[PDB]
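J.: Sequence first, structure after, both from an experimental entry:
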Amino acid sequence: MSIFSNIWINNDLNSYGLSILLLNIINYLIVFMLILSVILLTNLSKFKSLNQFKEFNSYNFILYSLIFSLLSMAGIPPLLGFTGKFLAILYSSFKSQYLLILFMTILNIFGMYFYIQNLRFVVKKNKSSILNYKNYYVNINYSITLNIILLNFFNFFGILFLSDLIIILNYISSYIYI
Amino acid sequence: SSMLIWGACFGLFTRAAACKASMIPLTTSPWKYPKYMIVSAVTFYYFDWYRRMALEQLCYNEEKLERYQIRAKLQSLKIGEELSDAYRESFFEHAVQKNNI
Amino acid sequence: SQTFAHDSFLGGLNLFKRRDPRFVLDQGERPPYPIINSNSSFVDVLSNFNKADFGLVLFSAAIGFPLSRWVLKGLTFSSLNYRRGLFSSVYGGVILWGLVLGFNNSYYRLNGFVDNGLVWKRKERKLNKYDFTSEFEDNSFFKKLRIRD
Amino acid sequence: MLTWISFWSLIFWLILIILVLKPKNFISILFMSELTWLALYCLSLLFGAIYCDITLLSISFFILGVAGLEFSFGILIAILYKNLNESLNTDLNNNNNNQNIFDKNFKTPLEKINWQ
Amino acid sequence: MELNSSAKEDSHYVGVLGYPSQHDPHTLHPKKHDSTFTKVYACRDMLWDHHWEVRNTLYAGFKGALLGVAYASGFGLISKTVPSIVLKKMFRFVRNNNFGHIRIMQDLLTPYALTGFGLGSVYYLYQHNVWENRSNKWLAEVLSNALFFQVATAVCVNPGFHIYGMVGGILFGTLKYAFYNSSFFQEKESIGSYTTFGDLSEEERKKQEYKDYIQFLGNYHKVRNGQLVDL
Amino acid sequence: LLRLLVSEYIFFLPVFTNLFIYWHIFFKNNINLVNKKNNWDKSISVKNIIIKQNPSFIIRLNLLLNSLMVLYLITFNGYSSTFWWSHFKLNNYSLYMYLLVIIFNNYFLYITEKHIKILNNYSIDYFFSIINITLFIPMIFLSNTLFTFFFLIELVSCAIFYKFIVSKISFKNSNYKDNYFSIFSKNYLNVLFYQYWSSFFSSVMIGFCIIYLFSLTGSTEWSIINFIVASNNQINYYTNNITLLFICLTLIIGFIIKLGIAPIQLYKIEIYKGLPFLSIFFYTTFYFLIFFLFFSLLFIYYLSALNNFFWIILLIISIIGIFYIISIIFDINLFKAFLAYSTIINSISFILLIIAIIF
Amino acid sequence: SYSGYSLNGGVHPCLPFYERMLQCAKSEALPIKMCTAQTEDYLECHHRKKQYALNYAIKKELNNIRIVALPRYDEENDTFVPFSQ
Amino acid sequence: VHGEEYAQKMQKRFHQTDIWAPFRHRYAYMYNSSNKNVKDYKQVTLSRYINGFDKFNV
Amino acid sequence: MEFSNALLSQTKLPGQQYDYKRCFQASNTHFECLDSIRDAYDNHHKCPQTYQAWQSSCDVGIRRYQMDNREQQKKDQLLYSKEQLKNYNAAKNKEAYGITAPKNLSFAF
């Protein structure tokens, strides 16, 4: 935001931060809805204490889906939850707030351990058998399974398509003052 | 590459992954395979148009946001800086020349 | 690009044709078409009804049947009377939504936001500085949804 | 002996402080919350008169309505306290020893601990 | 909301703009043909002198004591448990004294007020006499606060928690440098502002600004790398 | 009033139609058992009198109506302006927030409809409360004064209380050892109690802030408030920093209590403990999409003129929150507590991001 | 939320000030720095700070022995006669 | 006594001088923004029973 | 907020409405009285009657938006033409399919 002979030149968007906040909220909601869909596939009465994460060790889809959802919540780089935190740190550095960066770093590391602590509880002696029965047989839902498939795709490879979401969010946020 | 083919490929692999995740055999409910490709091809095809059309309006929005930033900066000047020689000429341009209404 | 003719049964389709992704225009921005009644009242919109709004209502009546059936597929522990009453309620709701859409279309034509059969004497010249969609639309179906690409 | 504006601001905040201070009986807290709403009512009327604003009188009657609905909810919640095995004095619903209560004493429902 | 606003003033900019200066002499000068009472009353400027070491130490001690009293009022006393016999004796004392609550309050709040006063005075004397001339301001603040808070944690709290006192001192020093020494969210000027002093005409300044813009054009990656297509 | 313009109330027609359809269907469902068998009538089968409606169709209805609302936005036209006595705003950003909350609600409702057929543990009134919440929150996005925002937030809070009330209490399980003995759960009472009192505190403090904003400015419109505050900063007329600080503090603390943020996060743990998983699903989407976004836009957009007072307050809270939870989150042993603390930690991070943004 | 109505259904006394302030704000390219006078007038209409400062000064001056007697006013004509006569 | 320029600065309220907004501590609302009792409380409580309190506007 | 003319223009008195038909008719008439004589800086005094009608018909916010848009359009017209804009857009969209390589061992700086 400089001036030369009464001509103003600015290289700052001034609306990037609102889009970053929107992206963080949306990404958190997506990961949360992934883990709750995983929970909603199963018998809900089994998950009461924290050690009962072992109940997610039933078959490879549920186990791996929740492992990756937890890693995404912890902010592990490849997954979707990492992008929001990375862009938050980038915007804070752009705004020249090193103290905010330090406090977010402390919060991020403590929360990351808080999340990955439950990966130890997933270990179970045998298969959990956490599925509802209907017509004498376990009830496996296909629609929630497909929803989890789509959410898993966008959790694994959402970093490749993040540019379009950023474009759309900045387009929305550009209307704030106009 | 084509977005229509990319979407069709996306639906084909999505259905097969859903069959594996549900532990149901592939080759089961075959009519869902063409339906998934058709739905996914149209979905990503429209998104390709929408993302391009959002760039156009975003670029035109920044032209108006260009004007807002300059006027916000002048109005946010600390008192006594308005008539300072660093900002006096630019401030007078908006107060006098831009009084054209 | 070309839009559907107004005062005809396919006029409501012009609701889906836009020049920009904006919801609304700016405070001082001119509408794309000449204004018939800026400060319209409730009966002004009703008097402006023609074949396009009736076509919107007819489309709502046509499409309401499968939607009401799809809603009705979720009923259990029901009798014939309750099922028929619920189907009637859903169908009437869809009819009401169609009437609302027709009212909005008439209001838009009164305000000049959509094609009302009039053209401005002076065209607002626009320089297509940023263009990411012209060739993409010209090689696609989306040329139908865009006005003056 | 005090100006009405400062008096009423202080009265509202003192009402909140006293609400927090008193022992946690649900009916008492309900009554004090009603008093808090009435203090807001009076303050809104006073500022509406001072500033010749007509929206604050609306705030008075809207406070009346909101307080009425909240009181209905409170009555229902107390009657719900009846059915669940809970005491209207919440301090008697836990085993955390409290020096503020003269006669707080809870023990396990056993006649004896040791047999041999 | 401003912190340490007097020490962050740009005196040159303030004087150029004509803004009132926080370092201006705020003193009273009695003149003759005045009574003997106004001579004594005008001596109150002593309390306005921020260069008085005794006044600064007393003010720092007062601030520390006030903070300690507030902490005791909000978080200290309520957490601690008092024996029932002592409480009964205190309440009996209230019964036999007209203003017995004030005496109880004094007895309860004296240790916290005293500790706060001592801590504030010692902190001011430690900062103003030892670390005031160090070149690296951030490092000086961090080191001084870390050492002071470690010692304070060892003395006032259990000495086995001195490491956490050091960490808290480091964090407090960083925060103090960020917001008490620097000026973030609290700026008295505009970014990019300047003052001109030469006798150059408008043409010379415009020519220099055109040169500056030509140089500034080289900061664009596309311009410098020659990666622009023909328009 | 010599003329009532359509532009004053054009937006309300689809909302009114949706409300009427919803409530008419609800009232007709309330009497779905009454069906008189006349003396000349013949029954091919014996009527079953013990029934349990599956709410799937209700959810479907919601989806349909919600989807129709999307259509109304897609074909929307107009000017950027205010309507209904400058109490509501119509511009691009507000309408985009409206559309975003609608589409996310629709996605959540679709997944709920898929899940409800596995096991029916919810009633029709539960999804009617969900219907009302999803009907009313985007109008919270469309607010133009603190007055109307406050009233909309109490409407939605009452809807959320109604949702919490209709949670299922007793279940059919395989525990046959509890007959002829009294077992006390107490989770229902705790949820109702804490939601009730948090709502009370937030409402009274918001009303206090509204009263002082009228006193200080003469209106609660965002633009007027911001213009007056900035012009007063330039003029140096109203130099009562204590009143401005107290107004900002009261508003911030009211929102802290309402959202259950890190200083006051404890009651949210009990609320999550007493709630079913679907309730937490919907509550999380409602909390992040609407409540926290509006809390952010308060400092970013709606009351930006007061950022010079806001930042420090936020800063302090942030610090306290971190130092309050870096150890408390490590002595929990409940799944619901884990989920609630996840939400709390993300809220603190987003508050730090807001502090960065407002610089 | 500014209605322009008085407490008896009439017109708010600060309506012209508000109207002029809004007219200035909506017409200037830099409303904050170019509408200071109108906003100051509206703020003085709303908060009567200048009058309160004047009252404080007048009380402080009346605390002294500056004034002894005031002119008397006769109802018949708009004239003030001194207390001496 | 404190300077001629001080007095006019202290007696000045509005930049624009074409609007009359007289100072009021409060604004009346009851009785269509009017006063019913324009007498002291003693006269308020005694004029309802005791003669000689009303001057009989004729 | 507090700095944008767009958001201030949406602020209106209670009971205040805009007649967009009359305002736009007057604005079109005034801008056709102008644009027949072309100047770098628009002089409304050269079109007095249309200027008076425009002032009496349109609100201050609408007039400010109109002047800002007119200034932007005049600035854009002096710099660009339809054909060169089309060619530039085509070239940019064509080179978007390729990649960008570093300019190793430059000379300019």
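T.: Nice, thanks for sending it over. Residues are numbered from 1 along each chain as shown, chains lettered A, B, ... in the order given.
J.: What segments of chain G are strands?
T.: Using DSSP state E, the strands of chain G run over residues G:72-74, G:79-81.
J.: Tell me which of those strands approaches residue F:161 most closely.
T.: Comparison of the strands of chain G against residue F:161 by C-beta to C-beta identifies strand G:72-74 as nearest, at 66.4 Å. Bear in mind the C-beta positions are built from the backbone N, C-alpha and C, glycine included.
J.: Run me through the strand neighbours of the closest one, direction for each.
T.: Here strand G:72-74 has these sheet partners by DSSP bridges: strand G:79-81 (antiparallel).
J.: tell me how far the partner strand is from the chain's mean position?
T.: 26 Å (C-alpha atoms, centre = their mean, to the nearest Å).
J.: what residues does chain F put near chain G?
T.: Residues of chain F lying close to chain G (C-beta under 8 Å from any C-beta of the partner chain) are F:85-87, F:145, F:147, F:214, F:217-221, F:224, F:227-228, F:230-232, F:234-235, F:237-238.
J.: so is the nearest residue to residue F:248 once chain neighbours are set aside in a helix, a strand, or just coil?
T.: Sequence neighbours aside, residue F:309 is the residue nearest to residue F:248 in space, at 4.5 Å (criterion: C-beta to C-beta, 6 or more residues apart in numbering or on different chains). Following DSSP: H, G, I helix; E, B strand; the rest coil, we place residue F:309 in the helix state.
J.: Residues of chain H that sit close to chain G?
T.: So far as C-beta under 8 Å from any C-beta goes, chain H lies against chain G at H:1, H:10-16, H:19, H:21, H:23-24, H:27-29, H:32-33.
J.: Can I get the buried ones among those as something I can paste into PyMOL?
T.: Selecting only the buried entries of the residues of chain H next to chain G in PyMOL, with 16 or more other C-beta atoms under 10 Å in any protein chain shown as the criterion:
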select buried, chain H and resi 13+14+21+27+29
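J.: do you know how far the residue positioned nearest the centre of chain H is from residue D:49?
T.: Centroid-nearest residue in chain H: residue H:24, 8.1 Å away (criterion: C-alpha atoms, centre = their mean). Counting by C-beta to C-beta, to the nearest Å, the gap from residue H:24 to residue D:49 is 11 Å.
J.: what about the residue nearest to residue F:189 when sequence neighbours are not counted, how many residues close to it?
T.: Spatial nearest neighbour of residue F:189, excluding adjacent residues (C-beta to C-beta, 6+ apart): residue D:84 at 5.3 Å. Residue neighbour count, defined by other C-beta atoms under 10 Å in any protein chain shown, stands at 14 for residue D:84.
J.: On the three-state scheme, the residue lying farthest from the centre of chain C is what?
T.: Distance to the chain centre peaks in chain C at residue C:77, reaching 38.7 Å (criterion: C-alpha atoms, centre = their mean). Secondary structure state of residue C:77, per three-state DSSP, is coil.
J.: Regarding the nearest residue to it once chain neighbours are set aside, what is its secondary structure?
T.: Setting aside the residues directly before and after it, residue C:77 is nearest to residue F:51 in space (C-beta to C-beta, 6+ apart), at 3.7 Å. The three-state assignment at residue F:51 reads coil, by three-state DSSP.
J.: okay, now residue F:51: neighbour count?
T.: By other C-beta under 10 Å, the residues close to residue F:51 number 12.
J.: how close does it get to residue C:76?
T.: 8 Å.
J.: Could you do residue G:38 as well?
T.: For residue G:38, the distance to residue C:76 (C-beta to C-beta) stands at 67 Å.
J.: Which one's more surrounded, those two?
T.: In this view residue G:38 and residue C:76 are compared by other C-beta under 10 Å, and residue G:38 has more residues nearby, 22 against 12.
J.: Make sure residue F:18 is actually in contact with residue F:69.
T.: Yes. Judged on C-beta atoms under 8 Å, residue F:18 makes contact with residue F:69 at a distance of 6.9 Å.
J.: and the residue nearest to residue E:144 when sequence neighbours are not counted, what is it in contact with?
T.: Among residues not flanking residue E:144 along the chain, residue E:131 sits closest, at 4.5 Å (C-beta to C-beta, 6+ apart). Counting by C-beta atoms under 8 Å, 6 or more residues apart in numbering or on different chains, residue E:131 touches E:140, E:141, E:143, E:144.
J.: tell me the phi and psi of residue E:131?
T.: phi -100, psi 10 (degrees, to the nearest 10).
J.: what's the answer for residue E:174, then?
T.: Dihedral angles for residue E:174 - degrees, to the nearest 10 - are phi -60, psi -50.
J.: you'd agree it is up against residue A:101?
T.: No. The criterion here is C-beta under 8 Å, and residue E:174 misses it with residue A:101 at 11.3 Å.
J.: what about the residue of chain H found nearest chain A, is that helix, strand or coil?
T.: With C-beta to the nearest C-beta, the shortest gap between chain H and chain A falls at residue H:15, namely 29.8 Å. State at residue H:15, reduced to three classes by three-state DSSP: coil.
J.: What is the neighbour count of the residue nearest to it when sequence neighbours are not counted?
T.: Excluding its sequence neighbours, the residue lying closest to residue H:15 (C-beta to C-beta, 6+ apart) is residue G:37, at 4.3 Å. Residue G:37 has 15 neighbouring residues, counting by other C-beta under 10 Å.
J.: In this structure residue G:37 contacts residue H:14, no?
T.: No. The pair residue G:37 / residue H:14 is not scored as a contact, 9.3 Å apart, by C-beta under 8 Å.
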